[PDB]
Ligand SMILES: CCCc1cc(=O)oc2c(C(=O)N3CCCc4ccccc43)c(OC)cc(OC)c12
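Here you get one chain, nothing else, as structure tokens; it is the form solved without the ligand.
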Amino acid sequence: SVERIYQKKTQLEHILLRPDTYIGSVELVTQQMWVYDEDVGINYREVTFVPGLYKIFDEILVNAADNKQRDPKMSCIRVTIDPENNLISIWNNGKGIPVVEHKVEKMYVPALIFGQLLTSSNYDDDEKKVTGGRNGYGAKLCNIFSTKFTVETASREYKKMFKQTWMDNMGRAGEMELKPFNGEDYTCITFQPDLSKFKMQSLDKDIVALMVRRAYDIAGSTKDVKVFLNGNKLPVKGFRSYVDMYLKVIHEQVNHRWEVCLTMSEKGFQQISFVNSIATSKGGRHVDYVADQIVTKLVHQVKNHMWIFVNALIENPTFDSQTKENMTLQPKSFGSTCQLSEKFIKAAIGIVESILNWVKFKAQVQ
């Protein structure tokens, strides 16, 4: 009884036993947000989906983007969503993953970082990196919440092609398959989400609408990277064009680590931001960093008329929940500063309207 009452759990068991701790809610939620609907495009609706499922997807997408930092020659990302076969696949070019056995861990690097918990190349904070990768859980959580998870990576360097498959929530893997290789390097993660774990019948419209919009986010938050979806290249060419989709407008590429866009808001303070290609959908201090700067410059009263669009690269970011929707790192510990051109600060005044304040010269009488 003492043994049945006081239990010790393995890590894998705990993740499956307490999902919401690692990937967020595995229950349905309903809330308004920007999605990209088939035939209608990017719009702001009400949506019902499981955050846990959107997350394991986001994890593999960001890893794809992250590879851009690791290798600048990366040119594009190819996303594939197929509801009927319940298949998702993310592909990226750029330096593949070293297909060689890891001397300390005693196993091939790919099998190590996609099949073992707490494995990562972002564990050394002296590197001060601007990747979304950080905790080393991501790819594994997706693997842990898939019925089938496949990893295929190719590195010219070690001149080999690695391919392996996991099944039943990473509870069993297939036989590692290696082949000689010599070509352009690529990596492709193909997974079948364990929809049972999320109490879903299939990849419905909403969740698909969310994911598709994320591919657009990537296409807009990364640099010199082309994003493909189901075979068609998305029409995003930088942040500005991306921001455009919402406005169909003061802009500025402060530097290599920033880019901001402002515009009026008839619906209170509106913000849309990204940190290392992560969709910080609730906010963060990186967004409050620019806002409060722009605001004060021309002065809460004014902020509420703003629709800010921020896209930054931050060193070793720090977030709230597992849904990483609200960043917190201190503006001091950013790795760079964001200051507007005299121009911007100027071409940003054409929001000012003491008109409502002036017109406030009404009189209340019986």
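Position 1 is the first residue in the sequence shown; the rest follow in order. Rigid core here is just the name for the largest C-alpha set that superposes within 1.5 Å across the two forms.
- According to the entry, the stretch of the deposited sequence that connects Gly350 to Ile351 contains 1 to 3 residues lacking coordinates, which leaves a short gap in the model.
- The segment from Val299 to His300 is interrupted, since 10 or more residues of the deposited sequence in that interval carry no coordinates.
- For the pair 275-283 and 140-148, the mean Cα B-factor is higher in 275-283.
- Of the two stretches examined, 174-182 and 187-195, the record assigns the greater average C-alpha temperature factor to 174-182.
- Residue set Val50, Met33, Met327, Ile56: peak C-alpha B-factor at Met327 (per PDB entry).
- In this entry, the residue among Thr153, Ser121, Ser265, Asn169 with the greatest C-alpha B factor is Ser265.
- Among the modelled residues of its chain, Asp320 has a C-alpha B-factor that falls in the highest third, as given in the PDB entry.
- In the deposited entry, the Cα temperature factor of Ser336 sits in the top third of values across the chain's modelled residues.
- Ranked against the other modelled residues of its chain, the C-alpha B-factor of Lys362 as given in the entry falls in the highest third.
- In this PDB entry, the Cα temperature factor of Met306 sits in the top third of its chain's modelled residues, the highest group.
- In the PDB entry, a CA B factor belonging to the highest third of its chain's modelled residues is recorded for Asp288.
There is also a form deposited with the ligand bound; it is not shown, and the following applies to it.
- The pocket of the unliganded chain is judged open, since the ligand, transferred from its pose in the bound PDB entry by superposition of the C-alphas around the site, places no atom within 2.4 angstroms of any backbone or C-beta atom.
- Residue heavy atoms within 4.5 Å of the ligand in the bound PDB entry occur in exactly one stretch of 196-204, 168-176, 99-107, 212-220, and that stretch is 212-220.
- The ligand is not shown here, but in the bound PDB entry it comes within 4.5 Å of a heavy atom of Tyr242.
- In the bound PDB entry, at least one heavy atom of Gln32 sits within 4.5 Å of the ligand.
- Residue contact with the ligand in the bound PDB entry: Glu325 places a heavy atom within 4.5 Å of it.
- Although the partner is absent from this view, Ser146 stays clear of the ligand in the bound PDB entry, with no non-hydrogen atom inside 4.5 angstroms.
- By the 4.5 Å heavy atom rule, the three marked residues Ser75, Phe228 and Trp258 all fail to count as contacting the ligand in the bound PDB entry.
- Checking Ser281, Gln253, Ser89, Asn86 for any heavy atom within 4.5 Å of the ligand in the bound PDB entry turns up a single hit: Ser281.
- A single residue from the set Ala111, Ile272, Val295, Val208 has any heavy atom within 4.5 angstroms of the ligand in the bound PDB entry; that residue is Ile272.
- Of the residues in 297-317, none comes within 4.5 Å of the ligand in the bound PDB entry through any heavy atom.
- The two forms, fitted on the rigid core, differ between this form and the one not shown by 2 Å or more at the CA of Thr323.
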